[PDB]
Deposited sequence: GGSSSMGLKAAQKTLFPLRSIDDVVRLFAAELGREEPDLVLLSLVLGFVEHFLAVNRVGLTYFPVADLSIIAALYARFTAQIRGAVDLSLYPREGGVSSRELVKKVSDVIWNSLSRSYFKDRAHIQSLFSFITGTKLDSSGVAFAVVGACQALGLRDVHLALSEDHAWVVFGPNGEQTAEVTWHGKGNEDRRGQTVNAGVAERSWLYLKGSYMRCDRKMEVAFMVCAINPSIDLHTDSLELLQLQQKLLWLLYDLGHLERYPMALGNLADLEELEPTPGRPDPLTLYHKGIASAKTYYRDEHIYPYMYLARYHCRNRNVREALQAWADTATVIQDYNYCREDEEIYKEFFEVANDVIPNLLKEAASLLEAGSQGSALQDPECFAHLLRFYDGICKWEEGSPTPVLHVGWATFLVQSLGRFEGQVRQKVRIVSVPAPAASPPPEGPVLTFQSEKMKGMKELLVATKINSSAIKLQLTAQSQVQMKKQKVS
């Protein structure tokens, strides 16, 4: 069911031929999500899942891609009778969206591993009847487009995907599962999750995609991994070129994570004439501030990881502190465990290792060391403050004694003379705390000898010491 203009670039014999197809689609009224995802999946299959016989690039012949396309459009159009679901005024109904969701869901293999690579695309859905969590939501949107439902669009948080539709684009529906061992909410709105102020629903500051942003999603969903050890250079290059295409057309303006992904790719292999990774990381942060009320975590995590890779201790600490300043205004809720795990690794592994190395380089006579900079100590404190404030009001606790040992260790990496230069001011470096835990910890933070037991008592729910 492809239009004649959609077929004139085939066969696709190179990365650039793939890019030309994306450009042509992105120049149309609406880019064809089904065509583009099939093409990406096909190429990824033959560059990452099965490279046997690869010489340059897996040539995508029209007859193959068209046959796949027709399998998909036939499956959807035969299973969804639009006459059962009347459409007033270019608006879909919740029952129709539920129907499309159920058609995709009920098509999947009964039992398979959901965390496998390379099951994100409509190629995977057609050939293997397998999709990952977010891949289901994308497939529901692609099915909707195939049915002429122009109002149905992908919604994205930083760890989940669903659909928006309906009068004014205001209706939400769950269409896929989230995480492992969580209960399904398919068909429901996301309003309880917004109301709960969980990270998973971003307090309502989530991405509402247009069709061009849906193209960006599928590009970000490219997986170059061949195994844990090795990535496909061709798929990295394709992803990078497609991200620049979208960038230049304006389609990454409202997509912070995509700008961070692009930055990472640029660090690996810089494109002549293009912005530096740091510029792109800062663009991602600016997008979150501009469009999403500065309620996103990963723009700052992308930046912090860049600084941490480059052994920039000051700027790494600053960026994690900024991360924590975002999280502090959330409630930690049951399906937010991915961001918990990220903060836990930063506090209890990443920062300890950075400061350990800094302590060695300080012994070796580094000048300008983070460990002699009071502003760096302040960033460490602001990081913990944000985590403590996050916990306030939450249905799930965050902190425990396992966190306390690393806090005491990290505080200890700064000399008392450095720590004393931070002034902790109430509402040199000046710091205001937002959390009641850190407010109570203020006086302990400048002793020459850090009082480990006192700190542990202040950070945790523990209020007594051993009886004997």
Notebook entry, point to check: Which residue ranges of the deposited sequence are not present in the modelled coordinates?
Noted result: 1-6, 434-443, 485-489
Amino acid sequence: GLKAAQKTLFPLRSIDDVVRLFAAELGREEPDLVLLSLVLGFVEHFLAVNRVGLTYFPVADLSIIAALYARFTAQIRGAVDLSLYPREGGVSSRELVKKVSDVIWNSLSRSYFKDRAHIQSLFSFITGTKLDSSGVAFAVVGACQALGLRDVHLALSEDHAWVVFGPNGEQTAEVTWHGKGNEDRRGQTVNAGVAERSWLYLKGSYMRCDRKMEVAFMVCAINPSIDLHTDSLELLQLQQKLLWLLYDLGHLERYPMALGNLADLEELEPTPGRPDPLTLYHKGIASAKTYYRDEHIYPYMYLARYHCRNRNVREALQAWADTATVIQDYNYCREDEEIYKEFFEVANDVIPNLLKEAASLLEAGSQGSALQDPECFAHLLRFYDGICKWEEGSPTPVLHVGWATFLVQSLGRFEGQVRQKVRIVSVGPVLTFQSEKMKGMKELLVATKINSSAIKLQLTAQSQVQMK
From here on, numbers count along this sequence of modelled residues.
Item checked: Given 276-284 and 358-366, the range whose Cα B-factors average higher in the PDB entry -> 358-366
Item checked: Of 215-223 and 228-236, the one with larger mean CA B-factor -> 228-236
Next item on the list: From the list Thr323, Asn182, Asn261, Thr189, select the residue with the highest C-alpha B factor recorded in the entry.
Entry: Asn182
Next item on the list: In terms of CA temperature factor as recorded, identify the highest of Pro374, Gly204, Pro299, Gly169.
Entry: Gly169
Item checked: Ranked against its chain, the third holding the CA B-factor of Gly78 -> highest
Checklist line | Cα B factor band for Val91 (lowest, middle or highest third within the chain) | finding: highest
Next item on the list: Comparing against every modelled residue in the chain, figure out the third that the C-alpha B-factor of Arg334 lands in (lowest, middle or highest).
Entry: highest
Item checked: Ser410 by Cα B-factor - lowest, middle or highest third of the modelled chain -> lowest
Margin query: Quick check on the deposited entry: does the C-alpha B-factor of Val49 sit in the lowest, middle or highest third of its chain?
Written below: highest
